[PDB]
Structure formats: C-alpha cells, structure tokens
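Asker: sequence unknown, structure follows:
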C-alpha cells in the first residue's frame, strides 16, 4: 500500500505474496494477510528494460545505483524543455567517477510507433516499451497522468507530464522531484535528486 | 456540453502521506577490558 493502494503493481503485490503465504501455511502459527514489510516482488520483469539497439539488460545491473522513471511525452512542450536539462544532468553523473551513479528508465506517453522512436533517438539511458502493458501499469501506480480519462480512485493528479520520480526496490517512491508540482520549480528540481539514500537494493 | 471530470486535492492529503518508517536497529555494544592480575605483595610478605 505504498505509495498508493489502488495500483496495478499493488494488487499484484498482495495477491502473489498471500498466494505464497497460503502455500507455506499449509506446508507448515503465522499471521494473514502478510505485512507490507514482507511484500517482495520484481518490479521490472526479465524482458522489460532495454537501451538503444533494443537489447535487454537484466536488473542485476541496476543495483548499487539510483534509478528514476522519467514520465514524459514527446509532444508536450513542458517536457521538451526538460530534455536538454535531464540529458546534461544524467551525462555529468555517469562520467565523473569509476562507476555510473544514476540511471533513468524512460516511460513514454507518445501516440504511435513513430512517436516513440523519434523521441528515443535523442537519449542514451534505458526505456520501457510503449506497447508493453507495463507502461500503463506504472502511471496508475504513481498517479502520473496528463488529462483525465482513466478514473483515479479518489486521488488527484499527483503530477502532469513531465516528472522524474526516483523509485525503491519494493516500488515505493523515494523522493519526488518537483518540476511541475506543489513547488513548480521546473528546470532546477533535478539538483534536489540525491543518490546516497535512494539506492536500488 | 461535456462534463469535465474533477481533479484536485487538499494540501494536507498531498504532503501528509503515510511514510516509510526509519529502519533503526543498533545498540551500543561495549567491550569490557580484561582485568590484569593482582601482582602486588605486602612488605612483610617480601623479606619476613
């Protein structure tokens, strides 16, 4: 139930972990349903993330870094202002040291096949495929949505396009970067992204 | 005319959210120094 309750990640977290809880109960004095601290999952499955040339990278590479979804759209001119600042910010992290510090998972709100690839050529980090259903799954997890067509469950629009949210292993939000938020500090909220505490386990 | 669907939240419910509790488990472990043996003699124990 973190950060929200009515999320497709959330409903599959509880369903799968109580399924393994019922099996270990009948294979063995335990409490049901399991606690949220015992909620364990894989966020990105084996064929989700890929960089350029469409080659998949496993999530064992992602550990020890600070990964962050970049909910974006190539037609929204809020977002187009934020590409060269995010490209410059990501580039300077990864060059300055022995290892790569941050990482960006690109989540797209484009319209068709041509719209995704035209956006995808300007940036070097990872992505999730638009046609893969998990792009829709993470928007309704983080309440990141442009215009109201899908009914949110008593919540509001947490943020519109664009947004950079750093994530944890169990799917929780770690800190929100307020580009267009209650702070509205666009083009400078990327400096508030620390990486010592927001480490992907 | 179309009905524009409602979006909006109070500032209390967007900032005061339930939060991940801090993961604190650390006691103050101390190591006792071993006592050195009592190698001392009285004078009347030395020469008498």
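Answerer: Looks like it came in fine. Numbers count the residues shown, from 1 in each chain, chains lettered A, B, ... in the order given.

Asker: Does residue 37 belong to a helix, a strand or coil?
Answerer: This is for chain A. Three-state call for residue A:37 (DSSP: H, G, I helix; E, B strand; the rest coil): helix.

Asker: Check the burial of it by counting its neighbours.
Answerer: By other Cβ atoms under 10 Å in any protein chain shown, the residues close to residue A:37 number 10. No exception for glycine: its C-beta is placed from N, CA and C like everyone else's.

Asker: Relative to residue B:38, how far out is it?
Answerer: 52 Å (Cβ to Cβ, to the nearest Å).

Asker: residues touching the one residue in chain B that gets nearest to chain A, list them.
Answerer: Of all residues in chain B, residue B:9 sits closest to chain A, at 3.7 Å by Cβ to the nearest Cβ. Counting by Cβ atoms under 8 Å, 6 or more residues apart in numbering or on different chains, residue B:9 touches A:155, A:156.

Asker: give me phi/psi at it?
Answerer: phi -140, psi 150 (degrees, to the nearest 10).

Asker: could you pull out the helices for chain A?
Answerer: A:8-27, A:77-95, A:113-120, A:134-142 (DSSP state H).

Asker: Mean neighbour count, these: which tops it?
Answerer: helix A:134-142 (a mean of 19; mean count of other Cβ atoms under 10 Å in any protein chain shown).

Asker: What is that one packed up against?
Answerer: helix A:8-27, strand A:66-72, strand A:102-108 (3 or more Cβ pairs under 8 Å, 6 or more residues apart in numbering or on different chains; DSSP states H and E).

Asker: before we move on, the earlier item: would you tell me which of the helices of chain A gets closest to residue A:150?
Answerer: Closest to residue A:150 of these is helix A:134-142 (Cβ to Cβ; 6.7 Å).

Asker: chain center to the closest one: distance?
Answerer: 8 Å (Cα atoms, centre = their mean, to the nearest Å).

Asker: What are the contacting residues of that helix?
Answerer: Helix A:134-142 is contacted from outside by A:3-4, A:6-10, A:44-45, A:48, A:69, A:71, A:107-109, A:128-129, A:144-145, A:150, A:152, A:158, A:163, A:165, A:171, A:173, using Cβ under 8 Å, 6+ apart.

Asker: Kindly give a single ChimeraX line that selects the buried subset of those.
Answerer: Here is the ChimeraX command that picks out the buried ones among the contacts of helix A:134-142, judged by 16 or more other Cβ atoms under 10 Å in any protein chain shown:
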select /A:3,4,7,9,10,44,48,69,71,107,108,109,128,144,145,152,158,163,165,171,173
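
Asker: If we check chain B, which of the contacts of helix A:134-142 are in contact?
Answerer: Restricting the contacts of helix A:134-142 to those touching chain B (Cβ under 8 Å from any Cβ of the partner chain) yields A:3, A:152, A:158.

Asker: The first one reaches residue A:172, doesn't it?
Answerer: Yes. Residue A:3 sits in contact with residue A:172 when judged by Cβ atoms under 8 Å, with a separation of 6.0 Å.

Asker: Might you report the residue contacts of residue A:6?
Answerer: Counting by Cβ under 8 Å, 6+ apart, residue A:6 has contacts A:140, A:152, A:153, A:155.

Asker: which residue packs closest to the third one, ignoring adjacent ones?
Answerer: Think residue A:153. Distance criterion Cβ to Cβ, 6 or more residues apart in numbering or on different chains; nearest residue to residue A:153, sequence neighbours excluded, is residue A:6 at 3.7 Å.

Asker: now do the last one
Answerer: When the adjacent residues along the chain are set aside, residue A:155 lies closest to residue A:143, with 5.5 Å between them (Cβ to Cβ, 6+ apart).
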